[PDB]
């Protein structure tokens, strides 16, 4: 190991992009988001210029609450040797997520968990950079006992023990060189959400579809759930542009009650969607299973997970057979540590993982987790695909590289969390240039 240094400084800033003024990103539930992030930077006393950068994604308002919670957690990482953190990553994870007082404001959900993901993302970035490897490669090269030492198994040993996790990782060693070669040569298959958004005229939507088809996209998501006639109008346009052999996914962003989701989907089934994403509340495990049993006979699978708050919810979704596609999120769960536990549970249950992405930097982070999944955990692309959105990559130092609608594996050390300091400063809320122009004093 090349790990060194004591964590000496932490900064956290409220960064907001005015995407609600751009006209893209509206869904049936979040009709006016301003893609934002709590951006964390940690420094060591190593004098090597290597910094750990971390993010968590928000929709604008509430980013200041996340920043507050990052400040509440900061004393746990400050003045700690990085060797001591990475040497007992499970222990450090438990101190952040089960703090005897702070856990009351979660536990492991909402603001406090988003803040925990931002801090832990900065530590994974720092560790991967000191090791001179992208996070996906750090994970791929990790000894299975070392990897399981980073994971907290509390509340999931009833479906996945440490021993079960080791067995999946040992099996994942077989053909790992061939799978890493495959990833470097062709990338991780993606779908586009760039034609999905609510509010587009017919002409606008036809233009976005034509451009995506021309650019090589063959898998498409569409937002639904506010207005059935509008959903039929937009699904008709997309399905006519893309043809019957191309993949169409629908996303209701939690709009419906359980019987309502079945009824609405019975009317949209003519568009032959591969899946219906978030048909109801992200907490309703039994609800997702009820909708899944009703719709799998129509040939429609259920997808959920982007707002699923922790591994206990994912465990029950797998236990209840509530979903056909499990959608991890790099910044909703407890960073790499908790995402690893969910990848391992999904393989244990033989359920495909289709990551959520988009927002501010979710593509940049989550691509590492799913490349690692392919090489070392599931060893398959069957029924698996990574979301992609064409937003805000110009603000990242290491933006995602898409080739033939595929994620090319990041080459640089780190978790691709690092933002351009000029971008951070212009978009800092409330005093950055952009917000002084949009909300003048």
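Numbering follows the first chain given and starts at 1.
If you average the C-alpha B-factors over 239-247 and over 118-126, the higher value belongs to 239-247. Averaged over CA atoms, B-factors in the entry run higher in 208-216 than in the other of 208-216 and 186-194. Each of 108, 364, 81, 257 has a CA temperature factor in the record; the biggest one is found at 81. Highest CA B-factor among 283, 277, 99, 143, as stated in the entry: 143. Among all modelled residues in its chain, residue 150 ranks in the middle third by Cα B-factor. For residue 253, the recorded CA temperature factor ranks within the lowest third of the chain's modelled residues.
Annotation for residue 201: C-alpha temperature factor in the highest third relative to the rest of the modelled chain, per the entry. When the modelled residues of the chain are ordered by C-alpha B-factor, residue 62 sits in the lowest third. The deposited CA B-factor of residue 355 belongs to the lowest third of values across its chain.
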